[PDB]
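Report on the structure given below.
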Amino acid sequence: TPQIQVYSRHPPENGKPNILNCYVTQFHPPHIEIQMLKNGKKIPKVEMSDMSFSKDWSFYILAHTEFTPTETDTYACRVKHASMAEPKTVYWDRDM
Amino acid sequence: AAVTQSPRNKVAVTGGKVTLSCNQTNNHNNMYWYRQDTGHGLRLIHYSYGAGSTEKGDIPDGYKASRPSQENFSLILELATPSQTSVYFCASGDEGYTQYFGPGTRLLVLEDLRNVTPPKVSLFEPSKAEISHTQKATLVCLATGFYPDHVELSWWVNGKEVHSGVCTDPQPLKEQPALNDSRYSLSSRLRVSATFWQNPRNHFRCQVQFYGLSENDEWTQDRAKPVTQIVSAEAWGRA
Amino acid sequence: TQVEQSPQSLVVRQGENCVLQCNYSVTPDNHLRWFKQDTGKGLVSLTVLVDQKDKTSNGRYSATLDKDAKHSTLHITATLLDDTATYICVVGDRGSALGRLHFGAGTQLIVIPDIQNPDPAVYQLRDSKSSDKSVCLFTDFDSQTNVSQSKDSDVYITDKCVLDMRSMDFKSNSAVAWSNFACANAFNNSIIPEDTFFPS
Amino acid sequence: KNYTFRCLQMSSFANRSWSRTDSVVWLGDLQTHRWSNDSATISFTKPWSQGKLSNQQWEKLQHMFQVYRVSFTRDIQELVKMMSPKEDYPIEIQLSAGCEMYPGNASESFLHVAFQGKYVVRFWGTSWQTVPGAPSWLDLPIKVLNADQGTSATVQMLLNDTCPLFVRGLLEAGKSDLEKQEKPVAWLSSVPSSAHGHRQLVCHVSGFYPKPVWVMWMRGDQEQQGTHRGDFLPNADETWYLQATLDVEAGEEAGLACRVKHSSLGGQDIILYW
Ligand SMILES: CCCCCCCCCCCCCCCCCCCCCCCCCC(=O)N[C@@H](CO[C@H]1O[C@H](CO)[C@H](OCc2ccc(Cl)cc2)[C@H](O)[C@H]1O)[C@H](O)[C@H](O)CCCCCCCCCCCCCC
Ligand SMILES: *[C@@H]1O[C@H](CO[C@@H]2O[C@@H](C)[C@@H](O)[C@@H](O)[C@@H]2O)[C@@H](O[C@@H]2O[C@H](CO)[C@@H](O[C@@H]3O[C@H](CO)[C@@H](O)[C@H](O)[C@@H]3O)[C@H](O)[C@H]2NC(C)=O)[C@H](O)[C@H]1NC(C)=O
Ligand SMILES: *[C@@H]1O[C@H](CO)[C@@H](O[C@@H]2O[C@H](CO)[C@@H](O)[C@H](O)[C@H]2NC(C)=O)[C@H](O)[C@H]1NC(C)=O
Ligand SMILES: *[C@@H]1O[C@H](CO)[C@@H](O)[C@H](O)[C@H]1NC(C)=O
Ligand code: NA
Ligand code: NA
Ligand code: NA
């Protein structure tokens, strides 16, 4: 089961532009589908790092995108991968 | 590392089944089938990495491979075509890059077997003129009336094959070039010293191995079935 | 094709040297082998070159390989009759059985033998069994003599063919003619030497 | 001042026809090269990625790799045919290759191979060998790979000579990127942590380079031993992110601060009070 971690590059302040990162790790095979969502909708033109792997041979990849947090809008990262029946979704919690 | 192929030569009809076999007692895992055609290098048909394995080569179409054991690798033409007329070469090897080639198998696929005919063989003895002029004696062997042109002519003195002093025509000539399925003739010379030919304990034999029909091939004509066979002619030396 | 040989064919006279060329686009080029193939026979290995800039020798055969230029030559010194054959160039793309071989189409070499002591003649030979049948043997002519087919299509004539009595170090050309005709008439359509022996 | 140079290759063979090979190259934790399957050439991801190699030396090295990629792809396919039906597609193969640089012309090189995610083969000395735990069927592929003297000679030279030299040049040319200092920025936040009446505080630290860092929760001058450091997580701009959590009692949040020490701050520790 791929681990998914969502976090902002800068301290989040409502209204202010920022970058949102989705770090996907501990998965294999390396065929994976990563989506970053705003209010459940697919954000267009998400940048991906080149896929790499750690000492233990497991894969990781960094997705990131521009975002401006608000009181209302929700942000998430959705991962499809053969090691799961249904896609896994981790919500950005500003507090976490 | 010795590799053997059988048969060494084969005449077949279109639609017939032909099996080319390769044996190798070197305990090589790897075996390879090629065909050689004029104007081309050898081209890979099928290969095998071991018992039960067969792999498509560069030109596999029309051929099935079969690796029943480490030793034997077979090339099967289920429905033979004239385009499969060729010389077929088998090779074996271990994990190293060297492939060790067999001596080759000649295959001719005809449209029809109706005209297949074994040779007449005649041996022509040396002229006394030649003997007294050169102190050498030339025997001539003549194979005639055969179709197709798949023959091996050889010379035998006292039951042992001779190569020294021999030359055979590089190709059979056509007896009726105007006609479609012309029969063939082939000549060979064996030249010895006169004293060798003059020795009456020397037995000379010209042998032609002819490649024709097998046991299983059907035959509907009234003449003898023109099967693969040997025809020879012989003479003894004399003063 | 990825392997090309030059010349396609050539004729040389006994004792002369010749150079055979092989050019390839095969990548990578682990090794290159030269094969000799006599007419109707199998593949005899002459040499295998493996280095970037390699040179080998095996008697009268020597070879070079330049991997940068993707080029090999085979040199035959002092050709003999038995050098008459097809010479085939092969490049292997791996140093192991994972390799594919890439075969050139070959170069045909014909070596014309040196007939030192010619003695042109036309003999009649008689059949072992039925003595009424015969052939005409045109023999012992030098390699400057050509043999043409017959004008009559009932008469048969072979191409010339050279035999080698190895133990006597002696070579002779011959041709055979037969029909159903005499040996005086047999080689009419050929320009044969003036001193040609016709025995009674 | 020890840097490890890692060339990481991932190869997928879905079936007999389809395959792809992608590579990335790391010097420490900075990416120096990328070689996508779609690209004929290797891409520099830094201005100094060619190191101290001349354009001609680089071309020659890249050419060697271009031949390798095509050849590797066909070799695996042929090895699969050789072992059939023992092993079958899909297949993943990973290589980890490079050298670890020590002070004063000392280095170790390595070349480790993983099959379906398990380390099974390395190059060692002058040959390929299986490692402990590896299945026995690999003995035939190893025998075949070890037959190729030409690959062996080339790999020996790549590991023993080329890797250490190249990396030595990389360290010179990329000194200012490798020795960069980027300042951490911290911020605080809180959540309910599946408990009766407990809160979890979170100290976020982001934008720091290099990786070594110290983050502890503190009441005055008393290091809270409950502090839990998370994993180092990357930013897109080649800086690092880290969060340290402290499990506390609601109402008792007052008093707590988050202290952050990092080489880039030059003695001026960051302190955020709740
Ligand atoms: C590694 C440090 C690099 C530091 C410097 C470069 C840094 C710059 C960034 C570069 C980024 C590169 C990204 C890729 C990173 C991963 C690469 C690490 C592995 C490198 C392996 C290098 C292999 C090179 C050789 C090669 O291509 N062999 C290939 C081509 O070999 C032929 O061509 C050569 C032409 O040079 C030689 O022939 C010429 C010759 C003859 C005689 C002599 Cl003396 C010399 C030459 C040779 O003899 C020929 O056979 C050969 O096909 C190899 O087998 C390819 C695969 C090797 C890896 C195998 C891994 C084990 C897998 C086990 C699988 C088991 C599972 C099976 C189901
Ligand atoms: C490259 O360096 C290796 C040794 O270094 C080790 O392997 C490299 C590929 C890297 O991973 C290094 O980080 C690692 O430390 C040389 O290997 C050695 O080669 C010599 C001969 O060339 C071997 O000597 C043999 O010893 C055996 C006894 O076990 C005898 O049977 C032989 O007669 C012979 O004397 C030596 O064992 C081997 N070392 C190891 C550990 O395998 C390699 O030669 C070198 N190559 C070049 C071209 O520089
Ligand atoms: C990965 O790269 C290789 C080489 O660029 C691709 O292989 C080529 O694919 C095309 C068809 O798309 C073939 O016609 C070529 O002959 C192949 N090249 C070689 C050297 O065999 C391969 O398709 C790429 N893989 C993917 C999934 O895109
Ligand atoms: C091979 O694998 C690819 C990707 O998994 C697939 O889309 C393709 O159809 C497969 N090809 C065959 C011949 O099965
Ligand atoms: Na073997
Ligand atoms: Na690659
Ligand atoms: Na291969």
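Protein chains in written order, with PDB author numbering: chain B, 4 to 99; chain D, 2 to 240; chain C, 2 to 181, 185 to 204; chain A, 6 to 279.
Every residue, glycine too, gets a C-beta built ideally from N, C-alpha and C.
Separation of residue 11/A and residue 175/A (C-alpha to C-alpha, rounded to the nearest whole angstrom) is 13 Å. Interface criterion met: the Cβ of residue 152/A is under 8 Å from a Cβ in chain C. Within chain C, the residues placing a beta-carbon under 7 Å from that of residue 155/A are 31 and 96, ordered along the chain.
At a Cβ-Cβ threshold of 8 Å, residue 6/D and residue 103/D count as neighbours. Within chain C, the residues placing a beta-carbon under 7 Å from that of residue 76/A are 29, ordered along the chain. Residues of chain A with a Cβ closer than 7 Å to the Cβ of residue 81/B do not exist; the shortest Cβ-Cβ separation is about 18 Å. Residue state for residue 237/D is assigned as strand, using DSSP reduced to three classes. Taking 7 Å as the cut-off between beta carbons, the residues of the region 25-37 of chain D near chain C are 31, in sequence order. Closer than 9 Å at the C-beta level to chain D, one finds these residues of the region 121-149 of chain A: 145, 148 and 149. Using beta-carbon distances, residue 197/C does not count as an interface residue toward chain D, since no partner is under 8 Å.
Taking a cut-off of 8 Å for Cβ pairs, the region 182-193 of chain D and the region 129-149 of chain D touch, as three or more such pairs fall below it. Per DSSP, the beta-bridge partners of residue 73/D are 24/D.
At a cut-off of 8 Å between C-beta atoms, residue 190/A does not count as an interface residue with respect to chain C.
Boundaries of the beta strand (DSSP E) harbouring residue 37/B: 36-41, taken from the DSSP string. Taking C-beta separations shorter than 7 Å and ignoring five residues to either side along the sequence, the partners of residue 190/A in its chain run 211 and 212, following chain order.
The C-alpha of residue 178/A is placed about 29 Å away from the C-alpha of residue 128/A. Ligand 3 never approaches residue 72/A closely enough for any of its heavy atoms to be under 7 Å from the residue's Cβ. By alpha-carbon distance to residue 180/D, the top candidate from 128/D, 116/D and 213/D is 116/D. Your pair residue 98/D and residue 2/D does not check out as a contact, with CB atoms roughly 13 Å apart and the cut at 8 Å.
Nearest CB-CB separation between residue 80/A and chain C: below the 8 Å threshold. Secondary structure within the region 27-109 of chain C: the beta strand (DSSP E) runs of 3 or more consecutive residues, fully enclosed, are 32-38, 45-50, 54-59, 62-67, 72-77, 86-93 and 102-104 (chain order). For residue 139/C, DSSP records a beta bridge to 123/C and 176/C. Considering only beta carbons, the part of the region 86-106 of chain D lying closer than 8 Å to chain C consists of 90, 94, 95, 96, 97, 98, 100, 102, 103, 104 and 105, in chain order. DSSP places residue 131/D outside any beta strand (DSSP E); the residue lies instead in the alpha helix (DSSP H), whose first and last residues are 129-135.
Contact check for residue 50/B and residue 67/B: beta-carbon distance about 6 Å, within the 8 Å limit, so the pair qualifies. Straight-line spacing of the CA atoms in residue 27/B and residue 78/B works out to 16 Å. Residue 119/C does not reach chain D, its nearest Cβ partner there being about 11 Å away, counting only Cβ pairs nearer than 9 Å. Using a Cβ-Cβ cut-off of 8 Å, residue 22/A does not count as an interface residue toward chain D, since no Cβ of chain D sits closer than that to its own.
Of 203/D, 64/D and 151/D, the smallest CA-CA separation from residue 238/D is found for 203/D.
Taken in chain order, the complete alpha helix (DSSP H) segments of 4 residues or longer contained in the region 166-206 of chain D are 195-199.
Of the heavy atoms belonging to ligand 2, none sits nearer than 7 Å to the Cβ of residue 69/A. Straight-line spacing of the CA atoms in residue 154/D and residue 73/A works out to 52 Å.
Residue 68/A carries a helical assignment under DSSP once its states are collapsed to helix, strand and coil.
One finds nothing in chain C with a Cβ atom closer than 9 Å to the Cβ of residue 51/D; even the nearest lies about 11 Å away. Those residues of the region 171-198 of chain D placed with their C-beta closer than 9 Å to a C-beta in chain C are 171, 172, 174, 176, 177, 178, 179, 186, 187, 188, 189, 190, 191, 192, 193 and 194, ordered along the chain. A contact is defined here as three or more CB-CB pairs under 8 Å, and the region 163-170 of chain D meets this definition with respect to the region 158-178 of chain C.
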